[PDB]
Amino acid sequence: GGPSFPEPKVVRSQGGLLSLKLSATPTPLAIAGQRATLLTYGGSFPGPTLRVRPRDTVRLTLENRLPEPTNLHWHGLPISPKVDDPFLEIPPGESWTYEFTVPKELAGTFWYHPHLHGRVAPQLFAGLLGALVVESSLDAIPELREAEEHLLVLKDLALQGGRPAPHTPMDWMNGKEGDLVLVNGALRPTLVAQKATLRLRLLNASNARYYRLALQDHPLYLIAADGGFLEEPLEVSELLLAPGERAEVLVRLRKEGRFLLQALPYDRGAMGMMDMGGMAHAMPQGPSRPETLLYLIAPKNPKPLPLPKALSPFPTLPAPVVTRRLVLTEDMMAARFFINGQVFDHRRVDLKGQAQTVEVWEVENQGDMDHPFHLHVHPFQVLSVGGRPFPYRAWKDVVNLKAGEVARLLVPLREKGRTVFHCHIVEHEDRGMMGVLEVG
C-alpha cells in the first residue's frame, strides 16, 4: 500500500528455518521499457531477498536450470567452506542443497551469486544475484525501528538482441560495465519517502562499476559496513562502494523536495582503446560519467529521528601470529591478473594458516587500476591503507585498493577448510586474480 518502489521479494525464516528451493533459469523479463531474457534466481532480477535472524537454519536448494554448470557463493557469510564451497560444480539439471546456521553475533547485508571459476563474470552479468539480510536486536532501538527501510541493489546491465551483451576483449581487461545503471532492476525509480529518516541497505552487485554515492543536499550517516555494524554512526558527504561491497546508511530528510541519489564521477583506472585523439588524454578511460540512480521525494513536514548514539562495540582482536604479503599485478594487454606473480590454480594451495589464530595480511596493489580484494569465509578488520588509519571499525570482506595502495588487514581465521581470495572485479578473477587459502 501507498507508493510503490521496486524491491526484490523477501523470503523470511519462520520458526528458525528458511527452507527454499531456488532455480537458476533463463527468464524473459520486462526491464527498462523492453523485454530481455536474463539468467535469474527465482524468476526475478535481482533474485529474492532472504531475511534471517542469528542462529536460524538456512536450507537453500539450488536447482540448476542453466545450460552450464554453476554454484553459489554466500558472500560475506562466516560459515564453513565445506558449505560455501568455491570448488563445487552443479551440472546443468542437477540440484544442490546448502545447509548452514547463521552465526550468533552476525548482522548486516550479505549476498549470493555464482562462483564457478571461469564463468563468474558472464553469469553474474546476466542477472544471477540476490541479497541476504541478517536482522539484529539493534534493529529494535527506536532510532532504527522507526526508520523507513529499503534495500538498494546497485547493478548495471547492457543488452544486445534481447539478452545480456556478450563479453568483449576489452571487458576481460577492464571488467564489464553496462549502459543501463539500475536500482533493484529498475531504471531511475522514484522513492516517495513516508518517513523522514530512511535506513538504506546498499549492495554493489555490479561486475566492475564503482558507485561514488552522493545524495543531493544531504549527508549519509554510515551505520554498517560489509559484515556488520559500525561502533557509532559516521557522517559522510559521499560513499564509494566498490564491486561486492555493502553498506547501510541513515538518511535524515530535513526539507521537502525531490533529491537525486547520484553515482558521481570516479576514475578506477580503466584503460581505453587507442588510435589517437586531438587533445592529450585518451589512453585511460578517465572518470565515469555521472549517473542518476534514483529520485528521492521527502515526506510533508519532515522531522527526522535523532541518530543512535551507539551501535555495536567491535571486539578486541588478539595479537596476530603471522604476517602475509599478497601483491596484485596485471598484464593489461593479455588481460591476465596475478597474485604474487601467479594465476589461480585450483590444485595449488597458496597460503596455509591455523584455525583460531589472527594473521595480518598486507595486500599491495602494484597495478594501475583499482582492485577490490575479497576473502571468503573469514571477515577481516581493515587496519590501514597507504599507511593511514581506516575511518571506522567494522567487519569487512571486500577492501578497495587504488593503484599503489597497500592495505593492512587483521584476519581472524575461523572455520577449517580450503577457501579462496580474489579480486571482485569478477572478470579479473576469471582471468587469474585468485588464490587458495587452507586453514587447519
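We number the residues from 1 along the sequence you see. If you superpose the two forms and keep the largest set of C-alpha atoms that fall within 1.5 Å, you have the rigid core.
Participant: Once everything is fitted on the core, do the CA positions of 268-276 or those of 362-370 lie farther from the shown form in 8 other deposited structures of this protein?
Facilitator: Relative to the shown form, the greater RMS C-alpha distance in 8 other deposited structures of this protein belongs to 268-276.
Participant: 282-290 versus 248-256: which one's CA atoms end up farther from this form in 8 other deposited structures of this protein after a core fit?
Facilitator: Of 248-256 and 282-290, the stretch deviating more in 8 other deposited structures of this protein is 282-290.
Participant: 424-432 versus 13-21: which one carries the higher mean Cα B factor per the record?
Facilitator: Here the higher of the two C-alpha B-factor means belongs to 13-21.
Participant: Can you let me know which of the two, 281-289 or 182-190, has the higher average C-alpha B-factor in the entry?
Facilitator: It is 281-289 that shows the higher mean C-alpha B-factor.
Participant: By the CA temperature factor listed in this entry, which of these ranks top: 353, 243, 78, 269?
Facilitator: Each of 353, 243, 78, 269 was compared by C-alpha B-factor; the highest is 353.
Participant: Report the option among 335, 349, 249, 274 whose CA atom has the maximum B-factor in the deposited record.
Facilitator: Spelled out: the listed residue with the top C-alpha B-factor is 274.
Participant: Going by the entry, which third of its chain does the Cα temperature factor of residue 109 land in?
Facilitator: For residue 109, the deposited C-alpha B-factor lands in the lowest third.
Participant: Quick check on the deposited entry: does the C-alpha B-factor of residue 67 sit in the lowest, middle or highest third of its chain?
Facilitator: As the PDB entry reports it, the C-alpha B-factor of residue 67 lands in the highest third of its chain.
Participant: Which third of the chain does residue 44 land in by C-alpha B-factor: lowest, middle or highest?
Facilitator: For residue 44, the deposited C-alpha B-factor lands in the highest third.
Participant: For the chain shown, is the CA B-factor of residue 51 in the lowest, middle or highest third of its modelled residues?
Facilitator: Its C-alpha B-factor belongs to the lowest third of this chain's values.
Participant: If you rank every modelled residue in this chain by C-alpha B factor, which third holds residue 329: lowest, middle or highest?
Facilitator: Middle third.
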